Amino acid sequence: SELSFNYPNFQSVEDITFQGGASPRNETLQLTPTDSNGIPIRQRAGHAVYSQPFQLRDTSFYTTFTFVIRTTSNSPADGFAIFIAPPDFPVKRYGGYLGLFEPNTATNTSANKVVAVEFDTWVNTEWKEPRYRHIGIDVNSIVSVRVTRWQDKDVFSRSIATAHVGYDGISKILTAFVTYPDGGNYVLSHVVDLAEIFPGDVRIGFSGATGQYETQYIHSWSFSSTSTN
Ligand SMILES: *[C@H]1O[C@H](CO)[C@H](O)[C@H](O)[C@H]1NC(C)=O
Ligand SMILES: [Ca+2]
Ligand SMILES: [Ca+2]
C-alpha cells in the first residue's frame, strides 16, 4: 500500500508510538533510557514505531534516517535496528536480542516474523556473529543472513550518520546504504520476499537495546511506499 511521512526532526511525534524504554527527547527518538544523571540504564530495550500499519503486497519502499550512537566507554552494547513486523509486535528482550527476539527462539527462523537492518555494537558469544562490530540484515533470526564489518572509527565517531533502506517489490530485494560524513560507506543487500513473510499488515520502526554505556538516537526519518502493480 501507499504511505508517506517525513520527520525532519521530532518536535512532533504525532504518529510515533513509544514502547518499552524508548522516549522522545531533545527533538530525537531516544531508543533506550537514561537515568536522572544521564547515564545509560543497563538491560533495557525500547521501540519507536510509525503508528499506522501498511501492507507489503505489490509494494516498494524507500526510507532514510539519521542517527547518533552516544557511547560512554570503549565497550558499548548493544546497538539498534530498523525493523518491520506485525502491528502488535511488542518490545522483546534487552541485550544482544536488540529488543527483537527472546532467548529461547532467537535463532529459530520458524518461530519469528521480523525483518531488520541492525547496527550491532557488541560481539555476542551466545550465537554466531562476526568477531567485529557489524551492520546486518536479519530475517527471522538474530543471526544475520547478510553481515558486514562496521568500522570502529565510524561507530565511535560521534557523527550524525545516514541510512537509506529500500525494498524493491518486483525483484524482492532489501538494501541498506549507510554513510558517515568524512567516514565509511556500507552496502548490504539480500533477496527476501517480504510479502510472503508478511501477508497482512505491518509497521516499521526502530528498536534499541542495552547493554551498557550506550544510547541510540534517531534525529530524522522519512518514508515513502508505492505500488508495483
Ligand atoms: C550480556 O551483556 C553484554 C554487556 O555486558 C551485552 O549486553 C550482551 O549482549 C549480553 N548478552 C546477551 C545474550 O544479551
Ligand atoms: Ca549481530
Ligand atoms: Ca550483538
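Header says: X-ray crystallography, 1.2 Å.
Backbone N, Cα and C define each Cβ position, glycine as well.
According to Swiss-Prot, the feature N-linked glycosylation site maps to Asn26 (among others), an assignment based on experimental evidence. Its own atom aside, the Cβ of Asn26 (N-linked glycosylation site) has 9 Cβ atoms within 10 angstroms in the protein chains shown.
Annotation comment: Swiss-Prot describes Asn108 (among others) as N-linked glycosylation site. Packing around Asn108 (N-linked glycosylation site) is summarised by its Cβ count: 12 other Cβ atoms lie within 10 angstroms of its Cβ, all protein chains included.
Residues or ranges marked as Mn(2+) binding site by Swiss-Prot: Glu118, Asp120, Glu129, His134. Look at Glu129 (Mn(2+) binding site): DSSP puts it in coil.
The Cβ neighbour count for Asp120 (Mn(2+) binding site), using a 10 Å radius over every protein chain in view, is 26. Positions annotated as Ca(2+) binding site by Swiss-Prot: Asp120, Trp122, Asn124, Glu129.
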Rounded Cα separation (Å) that holds between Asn108 (N-linked glycosylation site) and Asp120 (Mn(2+) binding site):
19
Could you check the binding-site residues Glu118, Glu129 and say which one's CB has the fewest neighbouring CB atoms inside 10 Å?
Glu129
Close in space, distant in sequence - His134 (Mn(2+) binding site), Cβ under 8 Å, 6 or more apart:
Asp120, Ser144, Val147, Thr148, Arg149, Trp150
Determine the recorded positions, out of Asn26, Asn108, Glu118, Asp120, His134, lying near ligand 3 in the sense that the CB is under 6 Å from one of its atoms, and give them in sequence order.
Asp120
Going through the recorded positions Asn26, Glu118, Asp120, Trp122, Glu129, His134 in sequence order, which have a CB under 6 Å from an atom of ligand 1?
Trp122
Highest Cβ count within 10 Å among the binding-site residues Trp122, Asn124: which residue is it?
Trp122
